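Shown here: structure.txt, compact mmCIF, C-alpha atoms.
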# COMPACT_ATOMS: atom_id res chain seq x y z
CA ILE A 1 20.54 -14.70 6.47
CA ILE A 2 21.72 -15.76 3.01
CA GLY A 3 19.97 -14.80 -0.21
CA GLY A 4 17.25 -12.65 1.34
CA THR A 5 16.04 -9.10 1.62
CA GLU A 6 15.86 -6.27 4.12
CA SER A 7 12.69 -6.53 6.26
CA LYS A 8 10.27 -3.64 6.10
CA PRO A 9 11.23 -1.70 9.27
CA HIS A 10 9.43 -2.81 12.43
CA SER A 11 7.28 -5.25 10.45
CA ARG A 12 8.41 -8.01 12.85
CA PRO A 13 8.04 -6.47 16.36
CA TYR A 14 8.98 -9.67 18.17
CA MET A 15 12.54 -9.61 16.83
CA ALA A 16 15.04 -9.41 19.60
CA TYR A 17 18.71 -8.67 19.04
CA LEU A 18 20.97 -10.29 21.74
CA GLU A 19 24.45 -9.00 22.63
CA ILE A 20 26.32 -11.69 24.51
CA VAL A 21 29.44 -11.57 26.65
CA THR A 22 31.41 -14.81 26.91
CA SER A 23 34.21 -15.91 29.30
CA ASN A 24 36.70 -15.69 26.41
CA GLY A 25 36.98 -14.00 22.97
CA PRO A 26 34.47 -11.18 23.63
CA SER A 27 30.89 -10.84 22.49
CA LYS A 28 28.88 -12.77 19.90
CA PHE A 29 25.30 -12.10 18.91
CA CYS A 30 22.04 -13.91 18.35
CA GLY A 31 18.48 -13.46 17.23
CA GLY A 32 15.55 -14.42 19.45
CA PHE A 33 11.96 -13.42 20.05
CA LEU A 34 9.71 -11.88 22.70
CA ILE A 35 6.97 -14.25 23.93
CA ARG A 36 5.88 -12.13 26.83
CA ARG A 37 6.74 -8.80 28.44
CA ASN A 38 9.76 -10.10 30.40
CA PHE A 39 10.62 -13.25 28.42
CA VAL A 40 12.53 -13.90 25.20
CA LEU A 41 12.98 -17.29 23.54
CA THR A 42 16.27 -18.12 21.88
CA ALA A 43 18.70 -21.00 21.42
CA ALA A 44 20.68 -22.58 24.29
CA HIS A 45 23.76 -22.10 22.06
CA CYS A 46 23.34 -18.35 22.72
CA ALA A 47 24.07 -18.72 26.48
CA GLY A 48 26.73 -16.56 28.05
CA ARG A 49 28.19 -14.49 30.90
CA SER A 50 25.77 -11.61 30.52
CA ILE A 51 23.30 -10.69 27.79
CA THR A 52 21.47 -7.57 26.69
CA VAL A 53 18.48 -7.52 24.40
CA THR A 54 17.58 -4.75 22.02
CA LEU A 55 13.87 -4.70 21.11
CA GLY A 56 12.27 -2.62 18.37
CA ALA A 57 15.32 -2.19 16.23
CA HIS A 58 15.79 -2.31 12.45
CA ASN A 59 19.31 -1.07 11.80
CA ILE A 60 21.13 -2.11 14.99
CA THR A 61 23.76 0.64 14.43
CA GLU A 62 21.46 3.61 14.73
CA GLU A 63 19.05 3.90 17.63
CA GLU A 64 15.54 5.17 17.12
CA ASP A 65 12.64 5.96 19.43
CA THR A 66 11.41 2.38 18.91
CA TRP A 67 14.48 0.97 20.69
CA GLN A 68 14.18 -0.70 24.10
CA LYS A 69 17.32 -2.31 25.51
CA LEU A 70 16.82 -4.48 28.59
CA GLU A 71 19.10 -6.59 30.78
CA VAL A 72 18.69 -10.35 31.09
CA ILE A 73 18.19 -11.19 34.78
CA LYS A 74 18.32 -15.01 34.32
CA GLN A 75 19.07 -17.68 31.70
CA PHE A 76 16.85 -20.79 31.63
CA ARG A 77 18.93 -23.04 29.37
CA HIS A 78 17.44 -26.43 28.52
CA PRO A 79 19.13 -28.81 31.06
CA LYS A 80 19.24 -31.62 28.51
CA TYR A 81 20.94 -29.16 26.16
CA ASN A 82 23.88 -31.12 24.84
CA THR A 83 26.80 -29.67 22.91
CA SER A 84 27.33 -32.97 21.18
CA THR A 85 24.01 -33.98 19.71
CA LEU A 86 23.03 -30.26 19.90
CA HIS A 87 19.66 -31.55 21.13
CA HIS A 88 17.33 -29.24 23.05
CA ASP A 89 18.85 -26.07 21.67
CA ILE A 90 16.33 -23.83 23.33
CA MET A 91 16.61 -21.33 26.21
CA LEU A 92 14.30 -18.81 27.86
CA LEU A 93 15.58 -15.43 28.97
CA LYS A 94 13.98 -13.41 31.80
CA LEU A 95 14.26 -9.66 31.47
CA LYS A 96 15.07 -7.37 34.46
CA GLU A 97 12.06 -5.31 33.40
CA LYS A 98 9.02 -5.65 31.15
CA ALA A 99 9.08 -4.35 27.60
CA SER A 100 6.40 -1.79 26.76
CA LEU A 101 4.04 -3.18 24.15
CA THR A 102 4.18 -0.77 21.22
CA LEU A 103 3.55 -1.26 17.49
CA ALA A 104 7.32 -1.65 17.12
CA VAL A 105 7.69 -4.09 19.97
CA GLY A 106 5.40 -7.03 20.33
CA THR A 107 4.97 -10.58 21.36
CA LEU A 108 4.72 -13.73 19.19
CA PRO A 109 2.73 -16.87 20.07
CA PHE A 110 4.58 -20.23 20.12
CA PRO A 111 2.72 -23.51 19.24
CA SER A 112 0.98 -26.16 21.33
CA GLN A 113 2.36 -29.64 22.14
CA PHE A 114 0.19 -31.00 19.34
CA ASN A 115 1.00 -28.51 16.53
CA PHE A 116 3.20 -30.72 14.32
CA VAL A 117 4.17 -28.69 11.23
CA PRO A 118 5.08 -31.11 8.31
CA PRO A 119 7.52 -31.07 5.34
CA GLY A 120 6.60 -28.95 2.31
CA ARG A 121 5.42 -25.73 4.10
CA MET A 122 7.28 -22.49 3.28
CA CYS A 123 8.20 -20.55 6.39
CA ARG A 124 10.09 -17.28 6.96
CA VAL A 125 13.08 -16.55 9.11
CA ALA A 126 14.59 -13.17 10.01
CA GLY A 127 17.94 -12.07 11.44
CA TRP A 128 21.07 -9.96 11.58
CA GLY A 129 23.56 -12.69 10.77
CA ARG A 130 26.14 -13.19 8.11
CA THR A 131 24.94 -12.60 4.54
CA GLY A 132 27.37 -15.15 3.10
CA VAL A 133 30.00 -17.62 4.35
CA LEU A 134 32.81 -15.12 5.03
CA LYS A 135 30.69 -11.94 4.81
CA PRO A 136 30.05 -9.55 7.74
CA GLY A 137 26.74 -9.66 9.63
CA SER A 138 23.91 -7.34 8.47
CA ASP A 139 23.26 -3.98 10.27
CA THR A 140 19.67 -4.27 9.05
CA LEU A 141 17.13 -7.04 9.60
CA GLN A 142 16.98 -9.46 6.67
CA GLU A 143 14.59 -12.31 6.09
CA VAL A 144 14.29 -15.26 3.67
CA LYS A 145 11.48 -17.67 2.72
CA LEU A 146 12.55 -21.26 3.08
CA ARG A 147 10.93 -24.67 2.57
CA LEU A 148 10.53 -27.29 5.31
CA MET A 149 12.16 -30.57 4.15
CA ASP A 150 11.44 -34.24 4.84
CA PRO A 151 13.62 -35.64 7.66
CA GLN A 152 15.92 -37.41 5.14
CA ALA A 153 17.09 -34.15 3.54
CA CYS A 154 18.95 -33.65 6.90
CA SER A 155 20.24 -37.08 7.73
CA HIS A 156 23.80 -35.95 6.96
CA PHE A 157 23.60 -34.25 10.36
CA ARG A 158 24.59 -36.69 13.08
CA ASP A 159 21.72 -37.24 15.57
CA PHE A 160 19.05 -35.34 13.56
CA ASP A 161 15.68 -36.20 15.06
CA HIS A 162 12.33 -35.41 13.40
CA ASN A 163 10.37 -35.13 16.67
CA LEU A 164 12.76 -32.51 18.13
CA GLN A 165 14.08 -30.69 15.01
CA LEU A 166 13.10 -29.15 11.67
CA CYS A 167 15.02 -29.67 8.39
CA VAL A 168 14.97 -26.29 6.73
CA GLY A 169 15.84 -25.07 3.30
CA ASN A 170 15.81 -26.65 -0.16
CA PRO A 171 19.16 -28.40 -0.95
CA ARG A 172 19.12 -26.91 -4.46
CA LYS A 173 19.09 -23.29 -3.43
CA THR A 174 21.48 -20.96 -1.64
CA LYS A 175 18.99 -19.32 0.71
CA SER A 176 19.57 -20.14 4.38
CA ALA A 177 19.92 -18.81 7.95
CA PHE A 178 23.61 -18.60 8.97
CA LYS A 179 26.01 -17.58 11.81
CA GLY A 180 24.48 -14.77 13.75
CA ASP A 181 20.92 -15.96 12.98
CA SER A 182 21.00 -18.44 15.82
CA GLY A 183 18.08 -18.02 18.20
CA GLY A 184 15.83 -16.27 15.67
CA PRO A 185 12.40 -17.81 15.02
CA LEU A 186 11.01 -19.60 11.91
CA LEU A 187 7.46 -18.33 11.32
CA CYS A 188 5.05 -20.64 9.48
CA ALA A 189 1.68 -19.07 8.55
CA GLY A 190 2.16 -16.57 11.37
CA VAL A 191 3.12 -19.06 14.10
CA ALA A 192 6.64 -19.64 15.36
CA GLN A 193 7.43 -23.29 14.76
CA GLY A 194 11.19 -23.33 15.03
CA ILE A 195 14.40 -21.71 16.23
CA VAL A 196 17.53 -21.39 14.19
CA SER A 197 19.96 -23.86 15.78
CA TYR A 198 22.72 -25.02 13.41
CA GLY A 199 23.90 -26.04 9.94
CA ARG A 200 27.06 -26.46 7.91
CA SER A 201 30.14 -24.18 8.12
CA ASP A 202 29.87 -23.81 4.35
CA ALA A 203 26.34 -22.50 4.75
CA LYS A 204 24.82 -25.05 2.34
CA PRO A 205 21.13 -25.64 3.26
CA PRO A 206 19.24 -27.38 4.87
CA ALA A 207 20.00 -25.99 8.30
CA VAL A 208 18.53 -27.54 11.46
CA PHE A 209 16.01 -25.67 13.64
CA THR A 210 14.63 -26.60 17.06
CA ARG A 211 10.97 -27.74 16.78
CA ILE A 212 9.20 -25.67 19.44
CA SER A 213 5.84 -27.48 19.77
CA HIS A 214 7.77 -30.29 21.40
CA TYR A 215 9.13 -28.01 24.18
CA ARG A 216 5.77 -26.38 24.87
CA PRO A 217 5.27 -28.01 28.34
CA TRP A 218 8.81 -27.01 29.42
CA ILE A 219 8.44 -23.41 28.24
CA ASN A 220 5.21 -23.59 30.18
CA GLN A 221 6.81 -24.94 33.32
CA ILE A 222 9.30 -22.11 33.52
CA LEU A 223 6.79 -19.41 32.44
CA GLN A 224 4.46 -20.48 35.20
CA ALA A 225 7.28 -20.72 37.74
CA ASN A 226 8.56 -17.38 36.45
Could you write out this structure as structure tokens?
Amino acid sequence: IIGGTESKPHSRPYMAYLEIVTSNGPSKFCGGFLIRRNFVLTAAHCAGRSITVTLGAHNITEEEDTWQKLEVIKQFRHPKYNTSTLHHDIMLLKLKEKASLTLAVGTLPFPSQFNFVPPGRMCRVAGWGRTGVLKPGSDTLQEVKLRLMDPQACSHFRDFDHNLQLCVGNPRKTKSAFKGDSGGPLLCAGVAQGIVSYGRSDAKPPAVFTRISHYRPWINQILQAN
């Protein structure tokens, strides 16, 4: 997260930290959020060999009694997830066991098929990603307030689509989600409307987020099929 501040500890109990093992140059990490006791929502771009989720953390380098680390038993990537258009950058993760609902660890509701959040709104995003273009990731959870932009603010991104994605962050400011923040949710008025997906390598906002309302039925299909 670029140009933000450290979250108050445990003020965002749905924040999930994902450790991912790839079939190549070791682990990478991602943000994501708990939607139900054994299900986390993240980006499809955060798919890997094996994944572990740490729930209830603030500083991911020092464990606390709030910590709950669970194994991912299955990865439901979006099948239309395409590495070219980067469309459908959403994935559901099923946990081997159910997280215990505590004040430090909680669930977040995602929107309905008809909740279409428009340009102008200021939403918040949290994460443990890089704090600058070539800067290390953050040990502590950071968060930044960002403005939703009109579709045109993002047309520099090949294949940007209004119905499926969100254009996030004012072009005139530095604030933005960045590498490492992938998978974390965008909260608008207390509802998760997006998922950090991608942006420029130079970290200049806007960055593109997955628009979740649109995937509601699919999330639903898997959640009901378990």
List the neighbours of residue 147 in chain A out to 9 Å using all atoms listed in the file; skip same-chain residues closer than 2 positions along the sequence, and give me the result as a PDB file with C-alpha atoms, in the coordinates of the input.
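So the final result, stored in result20.pdb, reads:
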ATOM      1  CA  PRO A 119       7.520 -31.070   5.340  1.00  0.00           C
ATOM      2  CA  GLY A 120       6.600 -28.950   2.310  1.00  0.00           C
ATOM      3  CA  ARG A 121       5.420 -25.730   4.100  1.00  0.00           C
ATOM      4  CA  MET A 122       7.280 -22.490   3.280  1.00  0.00           C
ATOM      5  CA  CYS A 123       8.200 -20.550   6.390  1.00  0.00           C
ATOM      6  CA  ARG A 124      10.090 -17.280   6.960  1.00  0.00           C
ATOM      7  CA  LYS A 145      11.480 -17.670   2.720  1.00  0.00           C
ATOM      8  CA  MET A 149      12.160 -30.570   4.150  1.00  0.00           C
ATOM      9  CA  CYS A 167      15.020 -29.670   8.390  1.00  0.00           C
ATOM     10  CA  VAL A 168      14.970 -26.290   6.730  1.00  0.00           C
ATOM     11  CA  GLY A 169      15.840 -25.070   3.300  1.00  0.00           C
ATOM     12  CA  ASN A 170      15.810 -26.650  -0.160  1.00  0.00           C
TER      13      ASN A 170
END
Tell me, as a tab-separated table (two decimals) with C-alpha atoms, in the frame of the given file, which residues lie within 8 Å of residue 113 in chain A, counting all atoms listed in the file; anything in the same chain fewer than 4 positions away does not count.
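Wrote it out as out31.tsv, contents follow:
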chain	number	residue	atom	x	y	z
A	213	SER	CA	5.84	-27.48	19.77
A	214	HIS	CA	7.77	-30.29	21.40
A	215	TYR	CA	9.13	-28.01	24.18
A	216	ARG	CA	5.77	-26.38	24.87
A	217	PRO	CA	5.27	-28.01	28.34
Contacts of range 7-13 of chain A at 9 Å (all atoms listed in the file; same-chain gap of 3+ positions) as number ranges by chain:
A: 16, 33-34, 55-59, 66, 102-108, 126, 140-143
Gap from CA of residue 195 in chain A to CA of residue 97 in chain A - Å, one decimal:
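Atom-to-atom, CA of residue 195 in chain A to CA of residue 97 in chain A, that is 23.9 Å.
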Give me, please, the distance in Å between CA of residue 116 in chain A and CA of residue 93 in chain A, quoted to one decimal.
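Answer for the CA of residue 116 in chain A to CA of residue 93 in chain A separation: 24.5 Å.
Picture a line from CA of residue 187 in chain A to CA of residue 144 in chain A; it runs 10.7 Å.
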Contact residues around residue 164 in chain A with all atoms listed in the file at 8 Å, ignoring same-chain residues under 2 positions, as a list in words
residues 87, 88, 161, 162, 166, 210, 211, 212 and 214 of chain A
With all atoms listed in the file as the counted atoms, please give the residues lying no more than 10 Å from residue 77 in chain A, apart from itself and same-chain residues fewer than 5 positions off, as a ChimeraX atom specification.
/A:42-47,88-93
Using the selection just defined, write its residues with C-alpha atoms as a JSON list (two decimals), in the coordinates of the input.
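As a result, selection-v8.json now contains:
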[["chain", "number", "residue", "atom", "x", "y", "z"],
["A", 42, "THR", "CA", 16.27, -18.12, 21.88],
["A", 43, "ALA", "CA", 18.70, -21.00, 21.42],
["A", 44, "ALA", "CA", 20.68, -22.58, 24.29],
["A", 45, "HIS", "CA", 23.76, -22.10, 22.06],
["A", 46, "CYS", "CA", 23.34, -18.35, 22.72],
["A", 47, "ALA", "CA", 24.07, -18.72, 26.48],
["A", 88, "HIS", "CA", 17.33, -29.24, 23.05],
["A", 89, "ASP", "CA", 18.85, -26.07, 21.67],
["A", 90, "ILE", "CA", 16.33, -23.83, 23.33],
["A", 91, "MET", "CA", 16.61, -21.33, 26.21],
["A", 92, "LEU", "CA", 14.30, -18.81, 27.86],
["A", 93, "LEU", "CA", 15.58, -15.43, 28.97]]
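Of the listed residues A:5, A:80, A:21, A:54, the one whose atoms come nearest to residue 218 in chain A is A:80, with distances taken using only C-alpha atoms.
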Of A:30, A:72, A:60, A:18, the one sitting nearest residue 138 in chain A when using all atoms listed in the file is A:60
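Candidate residues A:208, A:146, A:51, A:153 were compared for distance to residue 75 in chain A, and the nearest is A:51, using only C-alpha atoms.
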Residue 175 in chain A proximity check over A:26, A:31, A:127, A:132, using all atoms listed in the file: winner is A:132
For residue 220 in chain A, which residue out of A:94, A:73, A:193, A:112 is the nearest one, using only C-alpha atoms?
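Among the listed residues, the smallest separation from residue 220 in chain A belongs to A:112.
Taking all atoms listed in the file into account, residue 67 in chain A lies nearest to A:100 out of the set A:163, A:83, A:100, A:38.
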